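Here are two versions of the same chain, shown separately as structure tokens and labelled structure 1 and structure 2.
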Structure 1
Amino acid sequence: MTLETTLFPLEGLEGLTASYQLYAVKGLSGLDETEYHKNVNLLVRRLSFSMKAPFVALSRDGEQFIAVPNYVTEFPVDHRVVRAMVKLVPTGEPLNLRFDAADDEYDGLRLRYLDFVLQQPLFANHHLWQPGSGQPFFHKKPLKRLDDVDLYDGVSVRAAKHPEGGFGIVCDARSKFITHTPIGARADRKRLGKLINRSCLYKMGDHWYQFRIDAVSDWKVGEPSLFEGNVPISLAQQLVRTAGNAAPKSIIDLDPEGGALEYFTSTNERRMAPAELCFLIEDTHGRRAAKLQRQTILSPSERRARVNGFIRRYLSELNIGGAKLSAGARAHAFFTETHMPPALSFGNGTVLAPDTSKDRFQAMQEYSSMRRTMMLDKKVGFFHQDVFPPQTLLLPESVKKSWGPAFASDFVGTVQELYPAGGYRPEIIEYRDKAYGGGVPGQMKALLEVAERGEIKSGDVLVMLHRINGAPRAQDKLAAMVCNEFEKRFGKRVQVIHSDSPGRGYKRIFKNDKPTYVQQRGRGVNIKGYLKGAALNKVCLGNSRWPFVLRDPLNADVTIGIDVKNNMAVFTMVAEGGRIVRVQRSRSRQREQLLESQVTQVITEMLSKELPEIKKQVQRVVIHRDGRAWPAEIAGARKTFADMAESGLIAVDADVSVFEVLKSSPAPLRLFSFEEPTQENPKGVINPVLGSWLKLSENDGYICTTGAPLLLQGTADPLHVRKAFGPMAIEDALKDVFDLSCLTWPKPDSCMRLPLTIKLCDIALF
């Protein structure tokens, strides 16, 4: 019950002046929304870099408001580029922010100043470096060698509210992989062309930083490519002109014939960097280098050790205006009650409840196992049991002619054993996967023409696609294409599997003097496991046959997940206790953001259909956003529900709350609990228990949706949720985030870090 954080308190901030002066930006007041905030955050960075002061943006009312420190002297007030010229009219009332104070709306302002000053000792340490603004600091010396790629260890350091009052520091260990040798001066023009969009570490003498390769320069390092006052100057000459004092040999003795790269500054200037000084960052999720990935998974005691070691070594001294701000040696620790997993309802009126008489750890593991075994027991089974509507299995022709039939036979039987009530009996159809070209167009040509023939009787289809590109850090545009077209022109609900992984499970055999495909089970896939998993996710879940639901009400009557990536939005809606789940995709006019009118359309459309099956009057709605919530999205959700409270579809005093679900947290914190130290674990640090949680603030909490009994390796990564709007108390949102993440439908005997609401969003996009 004893949990330690990676929160370290900050002392000697006791009544420290932080003085600001609000300005407001007239700009180009046309708000393209996504474009409006790119430029806002563009100017704050440009202004911050040029005057070396903590400029911030405060989005309330007009969403402008750049906060200028009172201590800056000359201030341009007018700023060029940015299309139409911008003007900043000061809003008076200079704010002297205290750090001993209660919660303000200027706490975002206070956290930014605190953030800015905290990285000055770090940015000045010659032995550390930072990839870009806002990122962790890494040691210049690599931790580990790993045979042509280097492993660098870093620590993110972010300011945050302390739940006992005042301010503190949250940290986490990070790893970055960089190839050991540079690109090199001798690498030729064609090889350099092949690196566009990759990112490399640039050791520009003592200033190390990261950039993205945008183009290859027409000019080598020693040929004049720009000018320092009219006169043409080589890149080699430029690095000499901007070196200091005892510049390293490496930056003044560059091969004149080496090539140079070009990149854009975080203010969009173009710069060059010599390939002799550039080191490719190894995207290991792009190229499966898993022995590399293994070096990155740290035990809880390693992770704790690296963070505490870092704290005591680099944030020990910090003089800001003389002030002596110490980071305490003791991370914040507290006693808390841990959420028990919720009672669950299965088929045949059977509930699964955590056993409160066994000890917590043994009870959680029995519980987690029982979600699978109850789901599979023909005596209890799925909560929702019914015949499937007609189904279709759409296979490539090359597959129907080889192992398709054995796979389909095995697959149907797997569905019927997992979900006996369904009577899965799919029509098996094919498309001419070799008639048109095997790229995305051509695969799609054959698919549309099967559709156009009307060969997909039935509204549900499971179609087997070929993998076009691998690289798990890619976009499978074929799958999205098939769903967009099959949903939009025909009435199809489509689920996707690929042909490579099941195909590895079958080998051809000669039996009774006839070729046959039979399962194999050496190395490559576990075909039985694949068959069970695909049966649950593609057939059962794809027909909304939920295996189990919450027995008890969440704090919210309805929670809606929202993710938008790559101009495609997903809305999931969970009501009852997961008894009612709906997922709508919709195209988006911006890459990662939604128009207000679009939010209000999709949600009233989705909810209106479902309201007659929500048999309790609705009075709490929650929205879970993946990442940042945008003001136009909030307006659409408050408008949607204020409307329904007036129609009578919902309680006249219903309320909305908006929470950002930060699967990639901007302020990542760890939680540990403790154990007897034991040879193998000299400090006795273990993962936190499954339901552990911590709030820092009314707006910021963390729940271990993953944790002690149920993790295989590594240390639990607490899910950061941040309150964007609304009455609901942050503690309540964390509790039913936890309860929603116990609906582990894609893999019941496992833990699941995301609540079901936004997990369904990642599934629908991925």
Structure 2
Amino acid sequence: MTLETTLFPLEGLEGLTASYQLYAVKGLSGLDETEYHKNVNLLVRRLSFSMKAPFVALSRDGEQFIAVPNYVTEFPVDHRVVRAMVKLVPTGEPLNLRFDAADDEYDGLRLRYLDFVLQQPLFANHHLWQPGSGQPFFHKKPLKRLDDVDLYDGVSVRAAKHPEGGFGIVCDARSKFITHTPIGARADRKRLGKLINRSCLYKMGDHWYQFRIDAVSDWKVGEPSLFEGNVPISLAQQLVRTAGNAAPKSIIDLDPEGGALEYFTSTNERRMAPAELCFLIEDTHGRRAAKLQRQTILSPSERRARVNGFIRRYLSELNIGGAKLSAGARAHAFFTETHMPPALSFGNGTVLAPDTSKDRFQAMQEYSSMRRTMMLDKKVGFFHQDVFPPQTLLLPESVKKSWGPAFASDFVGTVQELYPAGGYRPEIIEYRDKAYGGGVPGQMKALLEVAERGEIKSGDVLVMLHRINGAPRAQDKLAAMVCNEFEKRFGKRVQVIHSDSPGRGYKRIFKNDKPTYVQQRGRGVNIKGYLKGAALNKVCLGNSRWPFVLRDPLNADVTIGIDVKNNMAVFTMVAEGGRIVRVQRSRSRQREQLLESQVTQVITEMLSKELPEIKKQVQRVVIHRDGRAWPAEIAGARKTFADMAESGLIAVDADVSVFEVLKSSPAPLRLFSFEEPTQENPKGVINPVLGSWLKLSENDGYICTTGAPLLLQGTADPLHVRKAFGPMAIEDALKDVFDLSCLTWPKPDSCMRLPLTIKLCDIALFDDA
């Protein structure tokens, strides 16, 4: 019940002052909406990098208004590219924002400035470095040596509004893996080729930063490759030129035969750097580094200790010109009531509700297990129990001629035991997976031709695919295309598994003087666990057979999730208690963004189909965006629902609100709860409990969709949700984000970080055109 944050008070904020000079933009009256605000942002990016100053945008009224700092002087005021031509007229009267006053809309301006000048003392600390601007600050000394790769520890620092008034600082520990020894001067033109688009840390003497390799230079470090005023200069002469004073040996005694890399500046010029001073960033999310990744998951006491360490060590004194700032040593703490999980409804009128008499921790663990065993118990079971429509199972020819039939037999029997009301009985079909190519084209040609033959009766298909490319950072093209084409050209709803995981669960045995396949539990997969999880996720949830739903209404009558990536948008809708769930894909113009009209279209169409089934009149609507919410998207959303209030489809006085769900937060905040100190836990720091929550503002909040009883390792990552519009109190939004995340349908006995709405986007949009 007692919680501590990673938000820290800022003392001495007075005197510190921010002076902007609002402008306004003329450009093109052609406010193409998605194309107007895209250009607003491009200029503020272009201007911030070029003039190295905190330019902000303030979109009130006409959405114009660029804030220029008052210490820059020769301001061009006109700016090319950007298609059309642009002019910035001032809006006069010079601003002088303050950190003691009260909530403005100029507080996005104070926050920009505050973040800009706080990274000035840290940037000039000889023992810290920063890969790039906005990123965390790392110790130059590795925390751990870890054999051929070094583990660096860092702490991110972000200005925030303080809930008890004023301004503070949110912080979080970070980790980074860098190879111990440099690329080297002894690395040839061909090996430096193999390294383009990798990233490396450049130890440019005392100045450390990170860049992305774009090219191998034609010139060695000692040959003339650039020139300062006509005179052709070598890169080695250039670095000696800009070394200062007691320059370290490494940057004034380079091997002249070593190679150089090339890379682009923030403002897009070309620059070189000697390979002798460059250390490859070990992309531990590119290559599977299981032993390494364990080192980056911190226990709550480890995580609190490193964040506070860094605050006490580097932030107790801060000289921003005149001002002398301090970060308080004690982070903001508070008493709160934690949200209890919601009552849920299963089969046979059975309800599951958290016991209020047990202590919270025991109550949460019993409830979360009960979600699984109630689902499995034949006398309670799924909330939605009917017979399945016809089902197809589509297998590679090479699998059907081997372990296929043993797998299918086990899989059906697993479905029948999980979901006995369904009578699962699929028709087993094959496609000629060895006939055309084994790459994405070829597999597709074999799959299509089976569909064109009409061999897929039934509208639901579970298709088993070969994994074309692995590495948990590529993208499953083949699975995406089979869903688009099987749904567009034919009317099919398709789920997907892969051939490798279940293959590893079968071995060939000789029985009754005949070869047959049977299970094995060697290593490669827990095959029994694989069948249960795939039966649930691919067949039951694939057929919209929800195993449990909310007993009691949320604050929103309907709530809608929206994500867009790779020119594929996904809308999802959750109404009644999860009793109504619709997931609808749709192609888009932009890669990650939606046209004002495409929003009004898809949503009116989805909601109108379901409104006859929603027996309470609709009067509170919530949209959950995955990422930033662009105002072309908010407009289409305000539009859609204004209409339906006139047509009488919903209540006349109904209202909408839009919220961003920032699964990767720009201000990562953590929460801690406390315990009896205990030898192994000297300070007694533990995870917060599952329902803990915190409001920093009327527009920013945090909710622990994961937490104490149900986390097996690490420290909980609270979920950041930000209001973008509407009459809905952020506390109310936080409460049903939490209720929506107790619908743990993919793994009932678990916590689940995202609410169901944007959780539905992830699995659906894993398949993007």
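Start at 1 and count along the sequence of structure 1; that gives the residue numbers used here. For the two forms, the rigid core is made up of the largest set of C-alpha atoms that agree within 1.5 Å on superposition.
Form solved in complex with the DNA, given as structure number: Structure 2, not 1.
If you line up the core, which of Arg158, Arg174, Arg98, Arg303 has a CA that moves 2 Å or more between structures 1 and 2? Going through each option, the one that shifts is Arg98.
So, superposing on the core, is the move of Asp410 at the CA at least 2 angstroms between structures 1 and 2? Stays below the 2 Å threshold, so no.
Please state whether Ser48 has a C-alpha shift of 2 Å or more between structures 1 and 2, with the rigid core used for the fit. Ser48 C-alpha, core-superposed: shift of 2 Å or more.
If the two forms are fitted on the core, does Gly27 show a Cα displacement reaching 2 angstroms between structures 1 and 2? Indeed, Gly27 is displaced by 2 Å or more.
After superposing on the rigid core, how much does the Cα of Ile497 shift between structures 1 and 2, in Å? Its C-alpha moves by 0.4 Å once the cores are overlaid.
How many angstrom apart are the two C-alpha positions of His285 between structures 1 and 2, if you fit on the rigid core? Residue shift at the C-alpha: 2.2 Å.
Cα of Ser326: shift between structures 1 and 2 in Å, core-fitted? Taking the core as reference, the C-alpha of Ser326 is shifted 1.8 Å.
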